[PDB]
Amino acid sequence: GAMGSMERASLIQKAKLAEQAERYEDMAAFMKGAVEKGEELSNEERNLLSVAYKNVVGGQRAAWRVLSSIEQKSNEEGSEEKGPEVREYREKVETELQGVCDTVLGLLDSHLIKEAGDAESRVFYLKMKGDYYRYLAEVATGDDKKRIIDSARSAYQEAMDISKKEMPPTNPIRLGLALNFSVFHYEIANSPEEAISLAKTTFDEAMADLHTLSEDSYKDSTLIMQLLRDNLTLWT
Amino acid sequence: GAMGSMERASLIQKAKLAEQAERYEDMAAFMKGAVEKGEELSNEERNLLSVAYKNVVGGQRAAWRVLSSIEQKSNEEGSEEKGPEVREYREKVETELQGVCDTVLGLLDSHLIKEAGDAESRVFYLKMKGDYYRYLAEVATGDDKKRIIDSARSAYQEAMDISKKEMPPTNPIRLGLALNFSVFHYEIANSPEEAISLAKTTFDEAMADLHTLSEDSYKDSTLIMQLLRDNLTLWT
Amino acid sequence: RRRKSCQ
Amino acid sequence: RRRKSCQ
Ligand SMILES: *Cc1ccc(C(=O)N(C)CCS*)cc1F
Ligand SMILES: *Cc1ccc(C(=O)N(C)CCS*)cc1F
Ligand SMILES: [Cl-]
Ligand SMILES: [Cl-]
Ligand SMILES: [Mg+2]
Ligand SMILES: [Mg+2]
Ligand SMILES: [Mg+2]
Ligand SMILES: [Mg+2]
Ligand SMILES: [Mg+2]
Ligand SMILES: [Mg+2]
């Protein structure tokens with residue numbers, strides 16, 4: 001599309017500038033253009049892709065939650081009828097959010113996942129696929145909701161299976177995947193016990209492997225372990 | 001344009017929802033649609049218009065400053081040549097910022113200012129006109145820079161002349177106008193002494209009129225006086 | 001306190 | 001410390 005005439009390296013350079021300027025929509029457009037060049041992404045480039053889209057969809061999700069809360073209050077007994085505007089605007093934001101999720105899922109399907117053979121890349125992309133189906137599930141209310149939830153579960157499960165076989169328990173991708181799959185269990189799949197078990201087992205297995213790490217790797221892993229601990233403290 | 005089919009009241013309602021959701025681009029588009037209905041704006045509606053566009057252009061200005069700093073460092077002796085990307089991306093953000101300024105100035109010219117007869121509305125719109133010319137001046141480097149600066153000065157000056165004749169020295173619009181015109185003097189017109197004199201005289205005249213105010217008006221006026229004081233402390 | 005995901 | 005304008 002619009003980035004077809006820009007060099008791959010220039011798109012990557014501009015994505016990094018956009019990150020510095022907090023221009024995450026631009027960042028995502030640059031990284032989409034880079035993916036569409038058709039070459040595999042390096043570790044750093046995968047991170048740039050993830051940062052960009054997580055910030056874009058994060059703003060949409062936060063706005064959707066604000067609007068959904070207002071709409072819920074409007075449907076409480078004793079609330080005045082204000083017309084269709086709250087629903088319409090929540091739907092507008094929802095449709096834009098779904099479009100971003102579909103865009104990311106489309107990049108993963110055409111053709112990031114099929115070309116990713118190393119564990120670090122394949123797990124990363126499958127985690128992303130689970131995440132963006134999970135964001136679709138956050139807003140789903142209709143007849144495809146069960147299939148959206150199962151698509152998130154299936155992507156997370158394949159990422160877990162690979163990560164357990166091919167990565168150490170302290171690997172940051174393995175840890176971030178487990179954190180997100182645990183959130184999926186807690187708040188999407190109505191399985192809080194599974195969420196707690198996964199977070200606890202992930203934390204404890206990482207703790208036992210910290211002794212193998214350099215100081216810098218220890219810092220990377222313990223940062224994510226603290227997020228698991230934060231959730232365990234909230235949930236128990 | 002795209003908002004022509006939406007009711008004026010629905011645009012206003014959605015602008016307020018967009019503000020709550022921090023969706024300032026949507027907020028600005030809704031308020032532009034409301035202005036284009038052709039009716040004058042109430043005090044609250046003028047504030048919504050101002051909030052929306054100030055947030056949009058504020059994000060662009062902050063991003064422009066980040067990119068401009070990077071570009072400046074790239075042109076220092078001993079810096080490696082990295083190609084045209086930093087300039088290109090700064091120019092992209094700059095062009096988008098200029099477009100938003102032109103959009104606001106176009107609404108003011110067609111036809112908010114000419115229909116605004118009360119001091120509170122006319123001063124507000126002329127202040128806005130000075131502000132958006134000032135934002136154009138922040139990025140101007142060419143042959144029209146002097147005329148852009150003079151357009152900001154002229155709009156601010158007419159707003160000041162009306163505000164001094166028709167508003168009390170504690171009026172929040174009068175105070176915010178003086179704050180912004182003082183910033184214009186300091187950092188656009190290379191007139192720091194004029195900036196300091198204006199801020200001091202505005203502060204002192206407001207102080208002398210506080211005794212006339214209710215508690216709520218006192219809170220409104222003293223909040224803006226503190227911004228004048230903040231600048232005086234920084235500049236002296 | 002909102003639960004953490006990987007950000 | 002950035003100078004204040006009316007925000
Ligand atoms: C996919 C993924 C995993 C891990 C990180 C990471 O190291 N973080 C500190 C973020 C919190 S899990 C980032 C990732 F994108
Ligand atoms: C134009 C204008 C003037 C004053 C205010 C205001 O009351 N503030 C508290 C903002 C800081 S000056 C807002 C305005 F838009
Ligand atoms: Cl809408
Ligand atoms: Cl560009
Ligand atoms: Mg090429
Ligand atoms: Mg491969
Ligand atoms: Mg391995
Ligand atoms: Mg009508
Ligand atoms: Mg009139
Ligand atoms: Mg009067």
Side-chain angles (χ1 to χ4, degrees), chain A residues 1-17 29-42 44-45 48-49 107 110-112 115, chain B residues 8 12 31-32 34-50 83-86 88-89 104-129 155-164 166-179 181 201-202 205-214 216-218 220-221 224-225:
Chain A
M3 308 288 185
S5 62
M6 207 177 307
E7 287 278 17
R8 187 185 189 280
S10 299
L11 289 163
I12 298 296
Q13 183 180 359
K14 292 178 181 180
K16 288 172 192 177
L17 292 171
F30 293 138
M31 288 311 299
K32 176 175 187 293
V35 168
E36 291 174 343
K37 297 304 176 182
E39 299 281 2
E40 297 187 37
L41 302 190
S42 69
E44 177 172 10
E45 294 161 354
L48 293 168
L49 178 68
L107 296 171
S110 300
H111 300 279
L112 289 168
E115 295 184 358
Chain B
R8 187 185 189 280
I12 298 296
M31 288 311 299
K32 176 175 187 293
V35 168
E36 291 174 343
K37 297 304 176 182
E39 299 281 2
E40 297 187 37
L41 302 190
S42 69
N43 180 68
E44 177 172 10
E45 294 161 354
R46 291 189 298 272
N47 194 68
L48 293 168
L49 178 68
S50 177
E85 292 87 353
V86 166
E88 284 171 353
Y89 188 47
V104 175
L105 292 167
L107 296 171
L108 294 170
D109 204 49
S110 300
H111 300 279
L112 289 168
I113 288 168
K114 67 176 56 69
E115 295 184 358
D118 292 355
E120 298 58 39
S121 56
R122 193 166 185 79
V123 173
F124 192 95
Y125 293 136
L126 288 164
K127 175 184 54 173
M128 285 183 79
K129 182 174 183 176
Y156 286 137
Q157 191 60 62
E158 183 186 347
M160 297 284 295
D161 293 344
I162 300 166
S163 76
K164 288 188 239 240
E166 301 293 343
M167 293 170 153
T170 47
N171 176 276
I173 302 165
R174 182 166 167 179
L175 291 175
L177 165 62
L179 178 71
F181 193 26
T201 292
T202 302
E205 292 149 28
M207 173 72 45
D209 184 53
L210 291 173
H211 77 270
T212 66
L213 301 183
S214 70
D216 285 359
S217 295
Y218 171 98
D220 292 341
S221 297
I224 306 165
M225 293 156 75

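Per chain, numbering begins at 1; letters A, B, ... match sequence-line order. As the structure lists them, so they are numbered: ligands from 1, and atoms in each ligand from 1. Scope of the values below: all heavy atoms of this structure, side chains included, with no hydrogens, waters or symmetry mates.
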Inset, instruction - Kindly indicate whether the side chain of A/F30, heavy atoms from C-beta on, has any atom under 4.5 Å from the side chain of A/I12. - result: no
Inset, instruction - Using the test salt bridge (charged side-chain N to carboxylate O under 4.0 Å, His left out), find all partners of A/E40 that sit at least two apart in sequence or belong to another chain. - result: none
Inset, instruction - Could you check if a side-chain atom of B/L210 sits within less than 4.5 angstrom of a side-chain atom of B/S221, using non-hydrogen atoms only? - result: yes
Legend entry - Name of the B/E166 atom (N/O/S only) found closest to the Mg ion (ligand 10): O
Inset, instruction - With side-chain contact (heavy atoms from CB on, under 4.5 Å) as the test, would you mind laying out the steps for B/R174 and B/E205 before giving the verdict? - result: CA-CA 11 Å; B/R174 182 166 167 179; B/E205 292 149 28; 4.2 Å; yes
Legend entry - Distance filter under 2.8 Å, centred on the Mg ion (ligand 5) - protein N, O or S atoms that pass it: A/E7 OE1
Legend entry - B/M128 side chain near B/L107 side chain, heavy-atom distance below 4.5 Å: no
Inset, instruction - Indicate yes or no: does A/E45 engage A/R8 in a salt bridge with an N to O separation below 4.0 Å. - result: yes
Inset, instruction - Output the atom name for the N/O/S atom of B/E115 with the smallest distance to the Mg ion (ligand 9). - result: O
Inset, instruction - I would like to know whether B/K127 and B/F181 meet side-chain contact (heavy atoms from CB on, under 4.5 Å); could you show each step before the answer? - result: CA-CA 8 Å; B/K127 175 184 54 173; B/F181 193 26; over 6 Å; no
Legend entry - Backbone or side-chain N/O/S of B/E40 under 2.8 Å of the Mg ion (ligand 9): yes
